[PDB]
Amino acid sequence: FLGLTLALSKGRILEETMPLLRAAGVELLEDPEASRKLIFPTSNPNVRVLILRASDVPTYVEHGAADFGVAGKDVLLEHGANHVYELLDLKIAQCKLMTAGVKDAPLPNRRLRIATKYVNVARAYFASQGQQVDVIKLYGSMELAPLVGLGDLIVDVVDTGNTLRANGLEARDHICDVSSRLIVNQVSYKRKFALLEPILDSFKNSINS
């Protein structure tokens, strides 16, 4: 395959990227959500789509198994973005990285334990607050951790806050804003610029509105 391979993840990123792609002349020929398939052609024969776990988008792009991808800033901060180029903030899948814990619970006076998927972000954020924390690596359902005493706080993405509130948790700190970013393989950017450029220019134009 000589064209461009685009890495996306299911749910919000796929849904919110599709209008950008459509305006750039690229449409999927079926719903990837209803298929076990992982490689999908598009209306443009020079563009195909991989459907990946959000965590794996940076990895496929870095290695060049995809030429470009749409990844959350949260995932990029955690993975490290040093071996891809971040070209555009697409302003989609907007949310916040936050700390949270049981509503009105006092923090213990000791080294804190942070239950999170975002281990590097947690360590970096608490380092800025003057705290060298322990982290408990989890892969999902962070909202449960404080309810069963696994760690003193969590770090997770928050949008509406409904998940926190549903579980009797409240946000303690805003860490940063998160949105999805267009990342490109550093070699693909040099070798396939002629294919990438009109798509990048389209995305840039679309996000300006």
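Residues carry their position along the shown sequence, with the first being 1.
Peer 1: On mean C-alpha B-factor from the PDB entry, just flag whether 60-68 or 141-149 is the higher one.
Peer 2: Comparing 60-68 with 141-149, the higher average CA B-factor belongs to 141-149.
Peer 1: Mean Cα B factor from the PDB record: higher for 132-140, or higher for 103-111?
Peer 2: Comparing 132-140 with 103-111, the higher mean C-alpha B-factor belongs to 103-111.
Peer 1: Check the PDB entry and point out which of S55, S35, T160, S179 has the largest C-alpha temperature factor.
Peer 2: Max CA B-factor in the entry, restricted to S55, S35, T160, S179: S35.
Peer 1: Could you check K96, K73, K91, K117 and tell me which one carries the biggest Cα B-factor in the deposited entry?
Peer 2: Among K96, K73, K91, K117, the highest C-alpha B-factor in the entry belongs to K91.
Peer 1: Would the CA B-factor of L2 place it in the lowest, middle or highest third of its chain?
Peer 2: According to the entry, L2 has a C-alpha B-factor in the chain's highest third.
Peer 1: Among the chain's modelled residues, which third holds the C-alpha B-factor of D156?
Peer 2: Bottom third by C-alpha B-factor.
Peer 1: Taking the chain's C-alpha temperature factors as the reference, tell me which third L195 falls into: lowest, middle or highest.
Peer 2: For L195, whose C-alpha B-factor we compare with every modelled residue in the chain, the answer is the highest third.
Peer 1: Comparing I39 with the other modelled residues of its chain, is its CA B-factor in the lowest, middle or highest third?
Peer 2: For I39, the deposited C-alpha B-factor lands in the highest third.
Peer 1: Please say which third, lowest, middle or highest, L87 falls into when its CA temperature factor is compared across its chain.
Peer 2: It falls in the middle third of the chain.
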